[PDB]
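The chain below stands alone and is given in structure tokens; this is the form deposited in one PDB entry.
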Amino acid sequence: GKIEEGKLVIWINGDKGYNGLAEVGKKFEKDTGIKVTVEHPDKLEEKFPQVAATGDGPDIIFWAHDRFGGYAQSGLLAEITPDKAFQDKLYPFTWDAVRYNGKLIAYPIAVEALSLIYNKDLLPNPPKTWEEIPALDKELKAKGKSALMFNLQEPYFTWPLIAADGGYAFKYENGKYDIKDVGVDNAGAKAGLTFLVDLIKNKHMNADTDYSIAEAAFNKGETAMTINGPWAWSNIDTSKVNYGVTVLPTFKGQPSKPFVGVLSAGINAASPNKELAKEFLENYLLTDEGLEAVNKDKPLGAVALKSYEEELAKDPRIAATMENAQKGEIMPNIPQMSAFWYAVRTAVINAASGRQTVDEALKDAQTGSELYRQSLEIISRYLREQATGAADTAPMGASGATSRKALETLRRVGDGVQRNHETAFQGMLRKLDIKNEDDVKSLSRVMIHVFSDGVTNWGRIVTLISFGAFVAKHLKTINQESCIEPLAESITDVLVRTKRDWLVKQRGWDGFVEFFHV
């Protein structure tokens, strides 16, 4: 619909210091008359791209940087353009976290990493290895306690162990991440996940443990250890637990490697308050007194602002956060991440419960994460074939056989669709406002309403791609060939994330090829 002009609405996760952030809003209001309203809706990272796609939602959205690439792919975020003087106040690697396609798409706030939190009056000398946690639990269970409890429902918490001995999402390569090479099902990951499942099999942990259960158990003193981030420290300070924060245990001699998030603030593209949003973020929040105000509600961890981080670095809890972050890896921000997470979430839940074995669970995850790449391979060269004088090399034997037969199929069925629905395609394109690269993103938004609503079948999918080819022809026509590849990425993103389960159910492009058997 429409975002309200002349005020700021902010969405931040319910575990962060939202009250502290609203106090920064009060100072902003005092100085300007502009009211700032902080909201903490459930599933805001899932809701944001739904409401933002219809030109609605908050002015500012807070989340870890990994989600932001997807938002930017669908044109939901304003480009941010701070001057050099302001960029110098934050650590360069935080700015890297929020750079997508050579554009800054958010303001970095804080560096979040998981640590091992332990009760000093149950266990003054915590274990340096995962391997020694079973023996600790055996001893503590005879005392009516347990060794370790943490959220097994979110793969963010289990990933440090899965990655320890070689598991990886998409291989880092000199700042860049190659989607061609995914490592969710390599030996390192199997070993890590197997060890977790053994803990559950031998009753050292419970597969149904979640954030709420773990937090309560630790804060009541029922378990000697938990895994959590700086935001959690606040509720422990309130409890009667003398706790420490330290490096995560090693696995097979190898450090636990958490995926490190940079909590970031992005500006809704549909906002009529962009200049106010930037003024708030640069000049009220990202100051010593601004972050102090948020930090005092719930610890942010290590902060992106150099001046204030220097003060925090003295706290031993922050030293531990940083030790864990340096041993981990900063997450990619690419649009694939969402699918990857959802895929790994399913794998751990199934392996832990018994529903699948570890090998079967990681295999399905490997597929669910790969799909984005193969999809893009096919859609890219279909659109390019259709729109331009490029050589049609797929039949000449350029890419894999699945891509080859998918393209052949698509040439037959897709061209049929374009022949028969010429006027309908003209009508939809004319209703769209496509003359540039920004507007190609506006397709990303619109179509999910047209595409996602209702059932899913290959027919509807061919229609989406076929319409994409029709739009690519238009782009070529108005000297905009450079948008065809971004257009293909939009379609591919919109499709894979929206129909991930179904696509995996159908066995991806092999299914498509089968369905029509051209």
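Counting begins at 1, following the sequence as shown.
One more form of this protein, deposited in another entry, exists but is not displayed; see below.
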If the chain is split into two rigid parts moving between the shown form and the other one, the hinge from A106, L276, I227, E370 is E370
Relative to the form shown here, do the C-alpha atoms of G261 and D493 sit closer together or farther apart in the other entry, given a change of 3 Å or more?
-> farther
Indicate closer or farther: the Cα atoms of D185 and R507, in the other entry, relative to the displayed form, with a change of 3 Å or more.
-> closer
